[PDB]
């Protein structure tokens, strides 16, 4: 209902560059594909209507934060899944102290912006951005008492068009009124405190394509999709790309587990765990500073490859990469 203007981006967070100390300890972030959870009901003709081995609570208890990656087109119904989450998954995760956030694609946000009749400009009825933000917050976060929202922005057209940049900036500010460090509900709160509402941004590992300067001041964490790096020097190069827009405490580098029928080919998390590039990313730290943590995509595919039956079959997981990444990120032993 507020009509206050959603201002332009300052271009950087309050503090930038490598930070020797951080307010919150490094976390392990995990993307969970809900259409691979045992409680979901896939379509009748789906080749994987069965063969669903993993539950959400199977993940290691030392996972600090898990993001539900929910795609409605990938299943027939999610009613059983959300009932199981409310009854079974979420109380267990709260008992473990594992935060649960929800991932939303920037394309859906831009579609909602377009339905509102909004272009991308400095002067517009910014209450409409707040309408979209509040509706998305109610549907995605508040409905199941989740801990925050993760906006996935992997669209190359945002960097090309000024109006799309304005749209992204304004919708992220409207979200910042509800989540993140700028939110009044988080007054006197810190990431890791109980009841904190996170605002998270996952995007390209190229800071220019990411347009992270548009969100740097309103987000708790920036997750750079370093799925092809796996080398300490390459992660350093990515961070040096980001270092003038955000501070190291916001930065998370990550890896992706091979997915069935994926065509993408991400190779850092294959083979021996202790010598993999994924664990180089997990162990990496900005020189002279501390990082926000490490993230992994598709926890259910921990240990899978693109060879043999892995490309066409689902299998249980031992979460070996996940456990070792937690150890290397937090400096603890499991």
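Positions refer to the first chain, counted from 1.
Asks: Averaging C-alpha B-factors over each stretch, which comes out higher, 11-19 or 311-319?
Replies: Comparing averages over the C-alpha atoms only gives 11-19.
Asks: Determine, for stretches 269-277 and 40-48, which one has the higher mean CA B-factor as deposited.
Replies: Of 40-48 and 269-277, the stretch with the higher C-alpha B-factor average is 40-48.
Asks: When the CA B-factors of 260, 150, 220, 232 are compared as recorded in the entry, which is the largest?
Replies: Among 260, 150, 220, 232, the PDB entry lists the largest C-alpha B-factor for 232.
Asks: Among the candidates 289, 293, 30, 303, give the one with the maximum CA B-factor reported in the record.
Replies: By C-alpha B-factor in the record, 289 ranks first.
Asks: By the recorded C-alpha temperature factor, relative to the other modelled residues in its chain, which third is residue 141 in?
Replies: CA B-factor rank for residue 141: middle third.
Asks: Determine, from the deposited record, the chain-internal third of the Cα B-factor for residue 216: lowest, middle or highest.
Replies: Middle third.
Asks: Where does the C-alpha B-factor of residue 107 rank in its chain, lowest, middle or highest third?
Replies: Ranked within chain, residue 107 CA B lands in the lowest tercile.
Asks: Sorting the chain's CA B-factors, does residue 244 end up in the lowest, middle or highest third?
Replies: Lowest third - that is where residue 244 ends up once the chain's C-alpha B-factors are sorted.
Asks: According to the PDB entry, is the CA B factor of residue 166 in the bottom, middle or top third of its chain, that is, lowest, middle or highest?
Replies: As the PDB entry reports it, the C-alpha B-factor of residue 166 lands in the lowest third of its chain.
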